[PDB]
Structure formats: C-alpha cells, structure tokens
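To start, the structure under review is shown below, and the notes come after it.
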Amino acid sequence: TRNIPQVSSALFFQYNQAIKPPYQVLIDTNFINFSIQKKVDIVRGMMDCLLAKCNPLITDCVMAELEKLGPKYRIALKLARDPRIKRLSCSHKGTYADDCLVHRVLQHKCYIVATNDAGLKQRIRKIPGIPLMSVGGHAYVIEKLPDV
Amino acid sequence: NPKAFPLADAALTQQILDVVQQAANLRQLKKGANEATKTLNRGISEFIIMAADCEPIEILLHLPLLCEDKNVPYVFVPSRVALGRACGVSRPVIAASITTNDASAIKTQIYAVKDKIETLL
Amino acid sequence: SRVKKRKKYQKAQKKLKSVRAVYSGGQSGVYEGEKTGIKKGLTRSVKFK
Amino acid sequence: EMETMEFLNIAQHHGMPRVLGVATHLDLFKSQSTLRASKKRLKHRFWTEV
Amino acid sequence: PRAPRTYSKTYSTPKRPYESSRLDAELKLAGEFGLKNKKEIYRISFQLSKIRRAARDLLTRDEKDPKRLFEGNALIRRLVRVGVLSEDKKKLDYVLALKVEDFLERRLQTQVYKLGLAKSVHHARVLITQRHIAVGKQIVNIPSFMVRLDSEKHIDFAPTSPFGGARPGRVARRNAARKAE
Amino acid sequence: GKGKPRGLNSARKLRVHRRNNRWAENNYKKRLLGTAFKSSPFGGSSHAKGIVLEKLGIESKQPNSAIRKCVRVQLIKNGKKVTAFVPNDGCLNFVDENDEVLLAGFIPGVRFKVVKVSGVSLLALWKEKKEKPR
Amino acid sequence: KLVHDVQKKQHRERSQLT
Amino acid sequence: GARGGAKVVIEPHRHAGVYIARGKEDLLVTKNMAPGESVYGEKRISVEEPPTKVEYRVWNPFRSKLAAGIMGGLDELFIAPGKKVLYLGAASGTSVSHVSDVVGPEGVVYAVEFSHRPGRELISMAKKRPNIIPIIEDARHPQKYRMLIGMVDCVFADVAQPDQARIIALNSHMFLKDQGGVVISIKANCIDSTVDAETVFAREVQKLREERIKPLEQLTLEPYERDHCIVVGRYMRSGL
Amino acid sequence: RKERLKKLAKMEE
Amino acid sequence: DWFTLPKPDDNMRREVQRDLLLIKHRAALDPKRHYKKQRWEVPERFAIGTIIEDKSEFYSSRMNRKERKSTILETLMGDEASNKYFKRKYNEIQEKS
RNA sequence: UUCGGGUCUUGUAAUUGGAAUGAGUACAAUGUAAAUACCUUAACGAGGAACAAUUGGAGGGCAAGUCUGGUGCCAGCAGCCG
Ligand SMILES: [Mg+2]
Ligand SMILES: [Mg+2]
Ligand SMILES: [Mg+2]
Ligand SMILES: [Zn+2]
C-alpha cells in the first residue's frame with residue numbers, strides 16, 4: 001500500500017499559521033553549550049529574541065545526549081534540568097538526537113528547532129513551515145518566523 | 001431529578017438572555033423548537049436555550065437528547081415569556097439556538113456563556 | 001492594489017484546495033456519497049517511526 | 001496647440017534657441033482654483049519640451 | 001522662526017521582507033481583512049512590536065516597583081479599552097501573547113463587515129470611504145479607524161446616507177427623472 | 001597577562017597605543033586623509049561626462065552583439081579615453097559623434113553605461129517620450 | 001530587457017496560392 | 001446522487017469487514033448485523049445471494065468519525081472481524097452499530113456511556129445486536145464496571161472530555177491486551193480552545209506516551225470535520 | 001514534458 | 001462465511017460485464033463531474049445490490065419505479081441529458097477522425 | 001530527474017440589471033486684514049465607469065524574413081526589415 005503523508009492543515013503554503021505565542025521550542029544539545037559559551041541565559045534569551053514567552057522542551061535523547069558528555073559539561077546538564085525546562089518522552093530505540101528532532105517536527109508543526117548544527121539546520125530547512133532558531137554573535141536569532 | 005435539568009440561576013439567565021438578544025440582532029439566532037431541532041441535525045449550533053416553564057415541559061425534551069448525542073451544551077431558563085422577549089419576537093419562545101459563526105462580532109460573549117453552561121452540566 | 005490582492009488571495013484559496021483537503025461547511029442536504037470516489041490502496045496518515 | 005508644438009520640434013532638430021513660454025488670456029478663467037491648477041499642467045508640459 | 005512641529009514614522013520595513021512564509025502571511029492577512037497594501041501590515045506590526053517590547057521591559061522589572069505598576073496598569077487599561085485584550089486577560093504576560101490579527105479585527109472596516117452592514121470586507125471598505133457609516137453621531141471615512149468597546153455597538157448607517165434615511169443618491173433620482181420623462 | 005597594561009591608572013597609554021595602531025587600517029587611513037575617492041572609477045563623482053569618439057561596433061554584422069553596444073568615449077574631466085555600453089542597438093542610434101554623454105558605472109573591461117545623451121535620458125528617447133536637442 | 005512589444009510582433013504564414 | 005433506484009457494485013475494502021459500493025458515486029458500507037432496519041435512518045443496500053436477501057448499511061462519515069477516519073486512509077484499524085472492542089463514549093448506535101457490523105457475530109463490542117437518556121436507545125439498539133454490551137456507566141471509574149468487561153483487543157474512545165487522556169489510560173491498563181490497539185478521536189476545542197488545534201494534538205500524543213501507549217499513526221479528519229484528528233497507538237505494557 | 005525538457009536545455013546550456 | 005462475497009459466475013452475463021465497464025470508464029459519463037485517477041481491476045469477489053432509501057427521504061432521494069431498471073447501462077439510457085451530450089461529443093470525435 | 005503521482009465546480013476571448021460615490025464644475029454660506037484652500041452644501045458630474053496608475057524584473061512564440069558555421073533536413077546568433 002502506497003503512503004503519501006498529508007500536508008499539515010496548519011500550513012498555508014509555506015506559512016505555518018499554527019505556531020503562535022507562547023511558543024514551544026525543542027532544544028538541540030549543541031544549543032545549550034553555545035548559550036553557555038555566549039553567556040546567554042536560555043529562558044530570557046528566547047524571550048529577547050521573540051519578545052514572547054517560550055516554553056523550552058528537551059527530549060529523552062537530548063537529555064541522554066548531555067549525560068554521556070561527562071564531567072566537563074556538568075553546567076549544561078544542570079541548566080537542562082531547570083524545572084522550567086519541560087521534558088518529552090521518546091518511543092524510538094535509537095538515542096540519535098538529530099533524527100529524533102527531525103521526526104517530531106514532521107509529525108507536529110508546532111516546534112521551533114533550536115540548534116547550531118549545520119547538518120541538522122539544512123534538514124529542518126527542507127521541511128516547510130519549521131521556524132529554526134540559533135545562537136549567533138551575542139544573542140539568539142530566528143530565521144523562518146514571520147511574526148517578528 | 002427534575003426533567004428540566006440543569007436549570008440556570010438568575011445570574012446565569014441574565015447573561016444568557018443578554019447573548020440571545022445580541023444574537024438576534026446579528027441574525028445568528030434560530031427561534032422555535034422546530035428550528036432548534038433542525039440546527040442540531042445540520043450541526044451548526046453552539047448551544048440550546050430552553051424554557052423550564054414550557055406548557056407542558058416535555059415538548060422540548062427531545063432537544064436535550066439530540067444535544068447530548070451530538071455533544072452540544074444545553075440549559076433551561078425559568079421563563080418562556082422572558083426568553084421570547086430577549087429573542088425579539090412578539091410571542092413566547094420555548095426553545096432557541098445560536099447559529100455557528102466563528103466570524104461573528106459576538107464570538108467572545110458566546111464562548112463565555114458556552115464555557116459556563118458546560119460547567120453547569 | 002486592493003483589487004489585485006483580492007484576486008490573488010481567492011486564487012490562492014483555489015490552489016490550497018488542490019494541495020490538501022479543507023473543511024467546507026460539512027454535509028449539506030442528504031448524504032449522497034463520495035462525488036470524486038474512494039481509493040482503497042492509498043493511505044494519507046503520518047507514520048510514527 | 002499644434003503650431004506651438006511643431007515649432008518646438010523644429011527648434012529641437014535645428015538647434016534649440018532660448019525659449020521662453022508666455023501664457024496669455026488667463027483672465028478668461030472664472031475660478032482661481034482652476035486658474036492655478038491649469039497653470040501647473042501648462043508649466044510641467046512646457047518643462048517636458050524645454 | 002516658528003517652533004518645530006514634531007513628526008514620526010508609523011511603520012518600519014521588516015527585517016528581511018522576502019521570506020516565503022512572510023509573503024504568504026501578508027497575503028492571507030490582506031485577503032482576509034481587505035488591506036490595500038503591505039504598508040498597513042508593516043504599520044500594525046510596528047505598533048505591536050512597540051507595545052510588546054514595552055511589555056517585556058516592564059516584565060523584566062521586579063514585582064511591585066512603582067514604574068512597573070504604573071506603566072503596566074496604563075498599558076493594560078489602553079489594551080482593554082481598545083478591545084484587543086479581554087477583561088479576564090489583564091496581565092502584562094498576556095500582552096506578550098497578543099498578535100497582529102487582534103488589532104486587525106479591531107479595524108472599523110472589519111467591524112462593519114462583521115456587524116452585517118456589509119457582507120464583505122471590500123464592500124465594508126467601499127461603504128467607509130463613501131461616507132455611509134457613522135460611529136455614534138460622527139461620520140467616519142477612515143477604514144483604519146480603531147473602534148473601542150463602547151463605540152463598537154453604536155456603528156450605524158449615517159443619517160445623511162441614502163441607506164441611513166436621506167434622499168436617494170444622484171443615480172437613483174436621475175434614473176427616476178429619466179423614467180418620468 | 002595579555003601583553004597589554006591593565007592597571008587602573010594606565011588610561012593614557014591605552015589611548016596613545018590605540019591612536020597609533022588605528023592608522024594601520026587602510027580604511028581609517030583613507031577616510032582621514034581623504035584619499036578614498038582615488039579608487040573610485042569617476043574620481044569621487046557618481047557620473048562621468050564625455051564626448052562620443054566613435055561607435056566601434058556599428059559595422060558588426062551580428063545584431064545586438066556585445067560589440068555593437070560599445071562606444072568609445074573620452075572623459076571631459078581628464079581626457080582619458082574609455083568605453084561605454086549602450087542599452088541596445090536602438091539606443092546606439094540616438095548617440096552620434098561629438099555628442100555630450102553622461103556616464104554611470106555598469107565583453108570585459110567595459111565598466112560604464114550611457115545614461116544621458118545631449119542632456120536627455122536615453123531611456124526617455126528609447127520610450128520616445130522626448131526628443132534629443134541638437 | 002530592452003525589446004519593444006512591436007519588435008515581438010507575430011509573423012503570419014503566407015497563404016497558399018488559390 | 002445515490003437515489004433509491006440506483007444499482008451499485010460492492011467490492012471488499014482493504015480493511016476486513018468494510019466494503020465499498022461503487023456507482024456514479026462511491027460509498028462506504030458495512031454488512032447489516034440485523035437486516036431489515038436502519039438504526040439512524042441511513043441508506044441500506046440489499047444484494048440477492050443464493051435466495052437469501054443479504055443487506056448492507058451505508059456508513060456516513062460526517063456522522064461517524066471512524067468512517068471519516070477510514071476515508072482519509074488510515075493504515076491500520078485494529079477493529080476487525082472476531083475482535084473484542086471497547087467503545088468509550090457510546091452516545092448512541094450511530095457509530096457503535098457499524099463497529100458491531102465489522103466485528104461480526106464472533107466479535108463483541110463493549111459500549112460504555114454516561115448520560116442516561118442517550119443510553120436508553122443504546123439498550124434498545126443493543127437488543128437488536130447480540131454482540132453489543134451496553135454499559136451505562138462513567139468511564140472515569142473503570143472499576144465500577146470491571147465486572148462486565150474482560151480484556152478487549154482494541155479500545156476506541158470518542159469521549160469528548162478535557163481529561164480523556166486519563167480516561168483512556170485507566171481503561172487500557174485494566175482491559176487492553178498487551179500489544180493491544182488504541183484508537184483515539186481528539187477534538188482540540190474541548191480540551192483547550194485557547195491554543196491552536198495542532199499544539200493540542202501534540203500534547204495528547206505526549207500524554208499517551210507517558211501512559212506506555214506507543215503512537216503508530218495520526219490523521220486529521222478534514223474535509224469532513226474541522227479541528228479533529230484520529231491517533232492510532234499500540235499498548236506496550238512492559239515498557240515504552 | 002516537452003516544454004520542461006526544452007526549458008531544461010536552457011539551464012544545461 | 002458471514003463476510004465473504006459471492007464468486008461472480010464464470011461466463012458472466014453481458015449486463016454484468018457492461019456494468020463493470022461503465023464504472024471503470026465512469027469519468028466520461030458526465031462532463032461536469034471529475035474523479036480521482038484510479039486504476040481499477042475487476043474485483044475477485046463482488047455482488048450487485050439494490051439501494052433502499054429511508055422513507056423520510058421519499059421526495060429527496062427516491063427514484064420513480066418506472067425509472068428503476070435492472071442494469072446501470074439502461075438507467076443511463078433513460079437520462080435524456082446524458083444521451084444529448086454523448087450524441088454531440090461522438091459527432092465531434094467522428095468529424096476529427 | 002524520467003517513471004509518473006495527488007486533487008475538484010473550474011474556465012470563458014460570453015452577455016446583462018440598477019444602486020452608491022468623489023476628482024472636477026458651481027448658486028451660496030463659512031473661513032480670511034482682504035483673498036485662496038479646508039470643513040459644509042443648492043444644481044451638474046460613471047461603463048472603455050476613455051473621469052484612460054506608474055516604476056522595474058523574468059520568460060515565451062511566430063516568417064516564401066536576414067547573417068554566420070558545418071560529417072545532408074542542423075546549430076548559433078538574433079528577427080520594427082516578409
Ligand atoms: Mg484643490
Ligand atoms: Mg453626503
Ligand atoms: Mg596566565
Ligand atoms: Zn527521541
């Protein structure tokens with residue numbers, strides 16, 4: 001049986017009409033380190049970028065990703081466990097974070113992907129209507145969000 | 001226990017009769033039990049207002065059954081003479097419905113009552 | 001400009017009807033069936049991997 | 001008028017001399033609004049040729 | 001000389017205008033609400049950005065500071081009065097949750113369409129620009145007029161308008177005269 | 001120790017050091033000495049006046065060829081001969097020798113285009129909304 | 001694009017002799 | 001369209017127990033467990049089979065969300081012949097009877113409903129259908145009717161409540177077999193109207209994951225219904 | 001398809 | 001079994017064979033109707049059925065008994081409008097041929 | 001990327017009706033040191049509503065048409081010119 005996934009009802013051509021304030025944002029693992037590297041607090045940094053409340057989210061894979069790093073990145077793990085950071089459960093065997101984040105956005109067009117990875121950034125870019133956040137220079141930047 | 005159930009209190013009836021009057025002016029109001037029967041069939045109703053003093057009462061007890069089947073909030077108001085006056089018609093009204101229109105100027109007020117009516121149930 | 005945008009938007013609505021299904025007020029009148037037909041072997045649901 | 005425009009075209013091809021526009025019969029206008037507004041088109045059109 | 005009269009721009013060009021998502025969003029907004037051109041969307045985006053930045057800056061301040069209380073109370077009052085912010089919704093955090101759309105519905109053109117005086121946003125705009133609509137006792141010909149909650153329910157056809165009671169327009173009486181002749 | 005003073009009372013040296021090192025930048029040097037416009041194609045101007053010397057590609061058999069649209073022009077300011085592009089062969093027509101032409105920045109090596117001839121825009125003549133005065 | 005609309009005029013086929 | 005006199009060609013659907021009636025215009029149809037009557041006035045198709053008069057009922061997608069789900073092209077429907085089915089929120093026989101048709105005589109359908117008045121017809125319709133079990137009880141307390149239900153191979157929930165996720169889990173923990181099927185119909189407005197529809201859908205998927213239900217499929221129900229989806233999941237008791 | 005292929009011949013050239 | 005449809009008899013009737021052919025070529029029957037692109041191969045198991053309308057739908061969706069006829073081909077025969085369109089189309093096809 | 005695939009009231013180079021209105025013209029009044037203009041308003045003022053919106057960008061197609069080159073009918077360039 002052939003399967004052609006439906007176009008999400010939340011997308012008006014290349015415009016995602018479903019994402020609105022307050023935002024739900026998936027944190028990729030590398031995001032935390034660069035945020036620490038640039039002395040940018042997570043929760044306020046997102047607020048300054050989007051001028052609206054952001055509800056950061058961390059999946060099991062990203063959480064598992066951080067623990068495996070070791071003592072050097074203890075601070076990143078502590079920030080990731082900030083109670084304002086909600087958690088997402090995963091139902092796939094692999095711990096590979098990049099694939100997990102790509103899948104979730106494909107299923108629900110409600111998440112901003114917060115990452116710096118060139119490979120992941122390109123993959124999310126192909127998926128329509130996925131705002132893509134990153135930390136560069138002095139503060140966070142969001143590329144595909146019309147409301148800004 | 002009583003066949004008319006739930007029965008809105010005075011505060012709730014006042015707010016309901018406020019909305020129905022506004023819906024009348026904006027042509028979002030269907031009046032009469034037969035109309036309320038039809039709108040449920042087409043699935044274009046937000047909630048059904050009914051008169052608990054209707055003479056006899058049962059004659060509108062088919063509307064609750066259709067509503068509960070279709071998951072439409074419904075409520076009873078004490079007075080039919082009051083309900084008819086709010087609707088703007090010169091005769092008593094036993095049943096009324098609010099037509100569905102997300103592009104109506106009174107959407108917020110309708111949903112406000114639609115919240116409270118649900119709590120009453 | 002207002003006329004030009006009006007035509008552009010309604011044209012876009014027609015195209016959006018092609019790319020995906022859209023709620024169109026639901027059933028009107030007696031249920032006649034599926035005017036455009038049913039495909040037995042095609043699935044549109046998004047799969048969880 | 002024609003003869004006004006033609007002479008300018010003759011001048012433009014055979015060497016532009018100094019050209020000064022002189023408007024006449026302005027008293028015939030009955031309203032100041034149309035008088036001032038009419039002056040504007042005549043000047044700007046004159047600014048196209050000269 | 002005479003003292004200067006201050007002025008300011010009411011709109012700003014977005015950061016990178018050519019985003020496909022942004023183009024489609026402007027298309028949807030203009031089509032739904034009958035906006036003439038993109039400058040209206042830019043204007044309202046500028047206003048909303050100013051408001052939401054002010055709300056963020058006040059939120060940064062601690063609770064109970066005099067400036068936070070005073071400015072936040074004023075901003076909530078203005079947003080509630082204009083109708084974008086609902087009565088049960090009186091906090092600065094919810095001001096951060098506003099969108100351009102709300103201000104778009106608060107436009108007089110949209111209100112005229114919704115109230116049933118006009119069946120379509122373009123018909124509503126045409127009525128506004130032809131002096132057929134009055135807010136209370138005042139004739140308003142500005143589609144961008146922002147309607148307050150109290151003013152919302154006084155919108156009506158103007159007494160001078162042919163639809164509001166006056167004599168028929170030039171076309172109707174001309175046709176009647178020619179038919180009589 | 002980053003190779004620089006950090007004392008609370010060393011403001012003087014940091015300033016003197018900064019001023020000396022600021023002259024290293026070519027951009028800073030050009031801005032202060034006003035030599036940034038030597039590199040500009042027109043010597044700081046936005047447009048260049050010239051005389052039309054010859055139409056090099058007038059003969060070229062191939063219509064709308066890149067050669068056809070080239071005209072040799074001598075800049076009045078300095079007298080150096082250069083080439084200019086004309087928008088099209090039809091626009092090559094309005095140009096004739098010994099006409100004044102205003103030039104603007106644009107076959108390699110041709111970096112100029114004709115924007116006015118005899119004090120009127122070539123596009124105006126091309127759209128034919130005006131007539132060249134002689 | 002400096003081509004006039006007249007330059008792109010349609011050229012019609014000569015009809016065959018009767 | 002499908003006027004009373006029209007003939008039709010019926011062929012089997014991909015899903016067992018579901019059939020397609022062709023013609024000028026196509027219809028989803030299920031075999032009538034009780035021939036000679038329509039539960040909610042739906043059209044009924046009769047075929048001459050050696051001769052006994054076998055009868056078939058038209059399934060209306062605008063009325064039943066499951067049929068609308070089949071139409072969108074759901075990959076897997078655990079509802080199948082000879083399969084025990086627990087239908088939550090059985091408002092009436094509008095959808096239950098069709099589900100009873102699919103499972104057939106061997107299968108059974110456990111209908112759970114709360115409000116007494118809609119239930120009364122559920123008992124009335126249940127009398128016609130031996131394979132339906134009308135349980136007039138609140139689904140929020142599965143223990144009250146734990147007597148009437150053994151495990152059910154699939155759980156179908158059309159309950160339109162904000163806490164439907166909790167309702168599903170309690171029933172699933174008690175009655176759904178391991179690797180059992182779960183098919184949920186979600187209405188965004190009832191759960192949380194403040195936020196967009198799709199964010200609600202993602203939220204429910206997360207709650208199902210917390211309850212050891214692995215989601216398999218998701219599908220929105222347009223153009224038949226606005227702001228709705230059906231999510232299909234499998235219940236892994238040991239661990240997600 | 002022919003129009004696309006002729007158009008593609010331009011991108012190739 | 002309860003869910004098993006009958007075998008079509010080998011050497012099936014002309015009326016059945018024609019009926020399967022229309023619904024395969026159902027697209028061409030009405031100019032104002034269009035359908036999904038769909039490759040149909042004749043089913044392994046099928047049956048021919050009679051639709052029974054609800055009596056409340058007597059005015060809305062009930063065919064006259066005289067109009068009721070056994071085979072789909074001949075119900076399309078009675079519809080004058082379908083005949084009129086087809087007559088014009090084939091003539092247009094014939095002249096081109 | 002070919003292979004093809006997805007979708008349904010879409011298109012017309014077709015006809016046709018009476019309602020609204022200001023750019024403009026203009027009794028008057030208001031405005032002003034006196035005027036113009038605005039806000040008002042008797043009376044006129046629309047179907048190509050010719051009461052004739054612009055500035056740039058991208059891409060076609062055509063000939064008993066014209067130039068160049070060559071492992072035949074092609075290719076390049078281009079075509080206000082037959
Ligand atoms: Mg004027
Ligand atoms: Mg007037
Ligand atoms: Mg050191
Ligand atoms: Zn994961």
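Letters A, B, ... go to the chains of the structure tokens in the order shown; residues in each chain start at 1; ligands are counted from 1 in the same order.
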Interface list for chain C, partner chain A, 6 Å threshold, only C-alpha atoms, as number ranges by chain: C: 41-46
Selection as number ranges by chain: residues within 7 Å of ligand 4 by only C-alpha atoms (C1' of nucleotides) and all ligand atoms: A: 59-61, 89-92, 95, 97, 100
Residue subset to file, keeping N, CA and C atoms, as an mmCIF file, in the first residue's frame:
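Written output follows (out18.cif):
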```cif
data_model
loop_
_atom_site.group_PDB
_atom_site.id
_atom_site.type_symbol
_atom_site.label_atom_id
_atom_site.label_comp_id
_atom_site.auth_asym_id
_atom_site.auth_seq_id
_atom_site.Cartn_x
_atom_site.Cartn_y
_atom_site.Cartn_z
ATOM 1 N N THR A 59 13.918 16.525 24.862
ATOM 2 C CA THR A 59 13.516 15.138 24.719
ATOM 3 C C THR A 59 14.431 14.236 25.544
ATOM 4 N N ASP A 60 14.079 12.952 25.602
ATOM 5 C CA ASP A 60 14.944 11.995 26.282
ATOM 6 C C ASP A 60 16.293 11.888 25.588
ATOM 7 N N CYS A 61 16.292 11.862 24.255
ATOM 8 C CA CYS A 61 17.540 11.697 23.518
ATOM 9 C C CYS A 61 18.514 12.818 23.844
ATOM 10 N N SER A 89 8.981 12.572 26.192
ATOM 11 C CA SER A 89 9.340 11.164 26.116
ATOM 12 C C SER A 89 9.486 10.729 24.662
ATOM 13 N N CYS A 90 10.240 9.652 24.452
ATOM 14 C CA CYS A 90 10.571 9.161 23.120
ATOM 15 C C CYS A 90 10.174 7.698 23.001
ATOM 16 N N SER A 91 9.713 7.304 21.812
ATOM 17 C CA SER A 91 9.296 5.935 21.534
ATOM 18 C C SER A 91 10.028 5.349 20.332
ATOM 19 N N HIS A 92 11.324 5.610 20.223
ATOM 20 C CA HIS A 92 12.163 5.015 19.196
ATOM 21 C C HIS A 92 13.461 4.536 19.832
ATOM 22 N N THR A 95 19.133 6.502 20.204
ATOM 23 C CA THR A 95 19.379 7.692 21.004
ATOM 24 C C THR A 95 19.840 8.869 20.149
ATOM 25 N N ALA A 97 20.017 12.026 18.568
ATOM 26 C CA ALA A 97 19.167 13.188 18.790
ATOM 27 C C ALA A 97 18.711 13.850 17.500
ATOM 28 N N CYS A 100 15.735 12.247 15.962
ATOM 29 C CA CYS A 100 14.548 12.395 16.794
ATOM 30 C C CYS A 100 13.902 13.760 16.600
#
```
Could you list, as a PDB file with N, CA and C atoms (P, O5', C5', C4', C3', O3' and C1' of nucleotides), in the first residue's frame, all residues that come within 8 Å of ligand 1? Count only C-alpha atoms (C1' of nucleotides) and all ligand atoms.
```pdb
ATOM      1  N   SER D  33      -9.001  78.605  -8.466  1.00  0.00           N
ATOM      2  CA  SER D  33      -8.547  77.227  -8.315  1.00  0.00           C
ATOM      3  C   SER D  33      -8.180  76.622  -9.662  1.00  0.00           C
ATOM      4  N   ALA D  37      -4.469  75.681 -11.031  1.00  0.00           N
ATOM      5  CA  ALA D  37      -4.271  74.290 -11.419  1.00  0.00           C
ATOM      6  C   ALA D  37      -3.938  74.178 -12.902  1.00  0.00           C
TER       7      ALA D  37
ATOM      8  P     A K  37     -10.814  78.353  -3.598  1.00  0.00           P
ATOM      9  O5'   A K  37     -10.070  77.386  -2.574  1.00  0.00           O
ATOM     10  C5'   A K  37      -8.985  76.580  -3.003  1.00  0.00           C
ATOM     11  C4'   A K  37      -8.292  75.903  -1.847  1.00  0.00           C
ATOM     12  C3'   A K  37      -9.161  75.041  -0.949  1.00  0.00           C
ATOM     13  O3'   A K  37      -9.452  73.769  -1.497  1.00  0.00           O
ATOM     14  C1'   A K  37      -7.799  76.415   0.387  1.00  0.00           C
TER      15        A K  37
END
```
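The interface of chain B with chain C at 10 Å, considering only C-alpha atoms, consists of residues 42, 43 and 44 of chain B.
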Contacts to ligand 2 at 10 Å cut-off (only C-alpha atoms (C1' of nucleotides) and all ligand atoms) as a PyMOL selection string: (chain E and resi 130-132+139+158-162+166+169) or (chain K and resi 21+40-41)
With N, CA, C and O atoms (P, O5', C5', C4', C3', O3' and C1' of nucleotides) retained, export the selected residues as a PDB file, in the first residue's frame.
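Okay, out-v9.pdb is ready:
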```pdb
ATOM      1  N   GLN E 130     -17.139  56.042   1.281  1.00  0.00           N
ATOM      2  CA  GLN E 130     -18.224  56.821   0.696  1.00  0.00           C
ATOM      3  C   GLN E 130     -19.150  57.446   1.732  1.00  0.00           C
ATOM      4  O   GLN E 130     -20.272  57.829   1.387  1.00  0.00           O
ATOM      5  N   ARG E 131     -18.716  57.560   2.985  1.00  0.00           N
ATOM      6  CA  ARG E 131     -19.412  58.375   3.980  1.00  0.00           C
ATOM      7  C   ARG E 131     -20.825  57.860   4.253  1.00  0.00           C
ATOM      8  O   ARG E 131     -21.765  58.645   4.375  1.00  0.00           O
ATOM      9  N   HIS E 132     -20.979  56.543   4.347  1.00  0.00           N
ATOM     10  CA  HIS E 132     -22.260  55.931   4.670  1.00  0.00           C
ATOM     11  C   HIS E 132     -22.321  55.387   6.090  1.00  0.00           C
ATOM     12  O   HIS E 132     -23.395  54.971   6.529  1.00  0.00           O
ATOM     13  N   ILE E 139     -19.649  60.869  11.475  1.00  0.00           N
ATOM     14  CA  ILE E 139     -19.368  60.141  10.244  1.00  0.00           C
ATOM     15  C   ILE E 139     -17.872  59.884  10.148  1.00  0.00           C
ATOM     16  O   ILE E 139     -17.059  60.812  10.246  1.00  0.00           O
ATOM     17  N   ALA E 158     -25.107  56.344   8.427  1.00  0.00           N
ATOM     18  CA  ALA E 158     -25.192  57.756   8.747  1.00  0.00           C
ATOM     19  C   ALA E 158     -26.572  58.303   8.380  1.00  0.00           C
ATOM     20  O   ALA E 158     -27.167  57.879   7.387  1.00  0.00           O
ATOM     21  N   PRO E 159     -27.107  59.247   9.164  1.00  0.00           N
ATOM     22  CA  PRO E 159     -28.407  59.830   8.791  1.00  0.00           C
ATOM     23  C   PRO E 159     -28.409  60.455   7.408  1.00  0.00           C
ATOM     24  O   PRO E 159     -29.412  60.365   6.691  1.00  0.00           O
ATOM     25  N   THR E 160     -27.304  61.087   7.010  1.00  0.00           N
ATOM     26  CA  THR E 160     -27.236  61.711   5.695  1.00  0.00           C
ATOM     27  C   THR E 160     -27.165  60.686   4.571  1.00  0.00           C
ATOM     28  O   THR E 160     -27.453  61.028   3.420  1.00  0.00           O
ATOM     29  N   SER E 161     -26.792  59.450   4.870  1.00  0.00           N
ATOM     30  CA  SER E 161     -26.605  58.468   3.815  1.00  0.00           C
ATOM     31  C   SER E 161     -27.955  58.046   3.237  1.00  0.00           C
ATOM     32  O   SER E 161     -28.954  58.009   3.961  1.00  0.00           O
ATOM     33  N   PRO E 162     -28.020  57.719   1.945  1.00  0.00           N
ATOM     34  CA  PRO E 162     -29.270  57.165   1.403  1.00  0.00           C
ATOM     35  C   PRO E 162     -29.701  55.885   2.086  1.00  0.00           C
ATOM     36  O   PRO E 162     -30.906  55.659   2.242  1.00  0.00           O
ATOM     37  N   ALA E 166     -31.668  59.311   4.274  1.00  0.00           N
ATOM     38  CA  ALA E 166     -31.758  60.512   3.461  1.00  0.00           C
ATOM     39  C   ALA E 166     -32.373  60.190   2.101  1.00  0.00           C
ATOM     40  O   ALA E 166     -32.817  59.072   1.831  1.00  0.00           O
ATOM     41  N   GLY E 169     -29.533  58.765  -3.786  1.00  0.00           N
ATOM     42  CA  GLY E 169     -28.376  59.355  -4.417  1.00  0.00           C
ATOM     43  C   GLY E 169     -28.689  59.932  -5.784  1.00  0.00           C
ATOM     44  O   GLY E 169     -29.818  59.909  -6.276  1.00  0.00           O
TER      45      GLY E 169
ATOM     46  P     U K  21     -24.679  58.610  -2.690  1.00  0.00           P
ATOM     47  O5'   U K  21     -23.135  58.844  -2.968  1.00  0.00           O
ATOM     48  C5'   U K  21     -22.165  58.459  -2.012  1.00  0.00           C
ATOM     49  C4'   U K  21     -20.784  58.485  -2.605  1.00  0.00           C
ATOM     50  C3'   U K  21     -20.418  59.764  -3.331  1.00  0.00           C
ATOM     51  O3'   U K  21     -19.995  60.762  -2.422  1.00  0.00           O
ATOM     52  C1'   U K  21     -19.766  57.875  -4.619  1.00  0.00           C
ATOM     53  P     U K  40     -17.131  67.453   5.579  1.00  0.00           P
ATOM     54  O5'   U K  40     -18.397  68.392   5.773  1.00  0.00           O
ATOM     55  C5'   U K  40     -18.760  69.311   4.760  1.00  0.00           C
ATOM     56  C4'   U K  40     -19.845  70.250   5.213  1.00  0.00           C
ATOM     57  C3'   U K  40     -21.092  70.269   4.339  1.00  0.00           C
ATOM     58  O3'   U K  40     -22.022  69.262   4.696  1.00  0.00           O
ATOM     59  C1'   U K  40     -20.322  72.477   4.647  1.00  0.00           C
ATOM     60  P     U K  41     -22.617  68.274   3.578  1.00  0.00           P
ATOM     61  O5'   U K  41     -23.436  69.238   2.615  1.00  0.00           O
ATOM     62  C5'   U K  41     -24.472  70.058   3.127  1.00  0.00           C
ATOM     63  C4'   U K  41     -24.874  71.125   2.141  1.00  0.00           C
ATOM     64  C3'   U K  41     -25.299  70.636   0.768  1.00  0.00           C
ATOM     65  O3'   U K  41     -26.643  70.189   0.748  1.00  0.00           O
ATOM     66  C1'   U K  41     -23.810  72.463   0.542  1.00  0.00           C
TER      67        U K  41
END
```
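For ligand 3, the set of protein, DNA and RNA residues within 12 Å, based on only C-alpha atoms (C1' of nucleotides) and all ligand atoms, reads residues 1, 2 and 3 of chain F.
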